[PDB]
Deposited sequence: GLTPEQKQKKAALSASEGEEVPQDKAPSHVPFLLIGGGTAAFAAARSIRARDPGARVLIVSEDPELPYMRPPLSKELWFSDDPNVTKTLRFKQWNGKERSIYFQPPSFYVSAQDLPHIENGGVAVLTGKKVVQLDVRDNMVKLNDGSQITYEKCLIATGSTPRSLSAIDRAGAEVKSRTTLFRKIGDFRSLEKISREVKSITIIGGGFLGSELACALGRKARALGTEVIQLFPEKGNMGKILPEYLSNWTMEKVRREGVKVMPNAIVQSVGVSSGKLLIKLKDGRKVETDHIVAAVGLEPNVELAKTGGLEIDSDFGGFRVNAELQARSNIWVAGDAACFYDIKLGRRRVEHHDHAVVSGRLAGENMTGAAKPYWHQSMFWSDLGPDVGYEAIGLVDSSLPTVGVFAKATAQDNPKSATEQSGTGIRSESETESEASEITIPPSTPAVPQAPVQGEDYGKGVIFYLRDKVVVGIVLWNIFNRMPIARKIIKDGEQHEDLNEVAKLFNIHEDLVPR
């Protein structure tokens, strides 16, 4: 497949924000010709199932089919659309009423804003009328791993893509002990997925991290501690307050030394320690990056320059209500991709509809969030006992709401085992009231007493 020399809409990166923008552009302009350039070999696909539902499939071919059952048992593909949705890049200029093409296996390596042109890694050049940068993020590594040898590096997984799901799933069936470094939602999701697999055979899964509990940077202490206990009960050796000093090999085994003196022996490492946005194109492009939040600096309309927009993980945007931010979540990529697509077809609209976040630690435990969520912000938590419907599966102390406050106004919300109430949370954040009583506000989420 060969890119044309010119395309009206060029989308750089072939993930969630690009796919959503393509969909939005085609809705706004049913004859649009849209080219997605994607460095990966696969068509656009969603990432969340890679750490969740693909692990809970009992079909041993799931690795090949990439089809998963949602918690409620409905089956679907990780791909946003099948191959029949797309047209070829070479045919894109000619097909009547246009289409969406994906040039896979190609990376955009230079952006020339003045001449509305990009160059690919193979030396082809493509001129565009409107461009979206949707390049996503790259995993941080741990310095202790960077200092270790090549064997350690080759037995350390940075969990991002289909290839990683496949490689780690295989490892899971081969080794006796896997260690996850990182206490965030992704680390914790992998801990639960791996712990579930380990269970039949009682093999070992370790999760270690510097905080006092799982998701300690986002959740307050009570709930972070509650979450750690839940992960432990999934059959995981959880080691909080753990700072890695070094990692080496010995007797074929990986040896992890912690600052506090503890040592861990394991067969494979998964490092889930957060991300950096992929801003390589900003230097050739002369595009500003945000030194406070990372990412391309764009405005409330996701716009960087006259015919360049940025969406998804890579976009540091101005939120008129909540302030400048960069958000790295699936629904944000959907919302911002869609918005950029509308703005690329004349919309001129600001980011307004607040995107949400979720995480499931199996069919039985679910979190959703929206707005400014950071455990350093003042929080107020209101909780209750869970009913049988308060879990991710049935949706399609055991529950509660956490309010995140700034200038005594709710700027963020976390819902713990409370589903189908995101719109209420969104409306509370939108209205920016000073609430006399957050226990009264908790009643909007069916949390009483």
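Stretches of the deposited sequence lacking C-alpha coordinates, numbered from 1: 1-23, 420-457, 511-515.
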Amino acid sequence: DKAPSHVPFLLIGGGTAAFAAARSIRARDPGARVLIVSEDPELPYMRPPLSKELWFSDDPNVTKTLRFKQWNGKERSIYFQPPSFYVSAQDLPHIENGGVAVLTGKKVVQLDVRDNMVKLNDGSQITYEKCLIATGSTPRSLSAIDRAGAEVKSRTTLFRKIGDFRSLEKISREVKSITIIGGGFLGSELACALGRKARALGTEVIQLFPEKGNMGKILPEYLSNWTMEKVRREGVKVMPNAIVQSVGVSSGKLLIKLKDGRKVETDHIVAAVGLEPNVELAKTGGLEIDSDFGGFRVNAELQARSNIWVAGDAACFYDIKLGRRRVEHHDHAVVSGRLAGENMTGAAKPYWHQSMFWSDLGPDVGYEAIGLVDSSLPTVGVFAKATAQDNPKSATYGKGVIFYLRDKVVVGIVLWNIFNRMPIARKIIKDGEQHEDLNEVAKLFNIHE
From here on, numbers count along this sequence of modelled residues.
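Per-stretch averaging of Cα B factors for 39-47 and 382-390 places 382-390 on top. With 255-263 and 216-224 compared on mean CA B-factor from the PDB entry, the stretch scoring higher is 255-263. Each of 353, 332, 197, 338 has a CA temperature factor in the record; the biggest one is found at 197. Among 297, 324, 237, 233, the highest C-alpha B-factor in the deposited entry belongs to 233.
Annotation for residue 82: C-alpha temperature factor in the middle third relative to the rest of the modelled chain, per the entry. Placement of the Cα temperature factor of residue 71 within the chain: highest third of the modelled residues, per the deposited record. In this PDB entry, the Cα temperature factor of residue 342 sits in the bottom third of its chain's modelled residues, the lowest group.
Annotation for residue 303: C-alpha temperature factor in the lowest third relative to the rest of the modelled chain, per the entry. The deposited CA B-factor of residue 92 belongs to the highest third of values across its chain.
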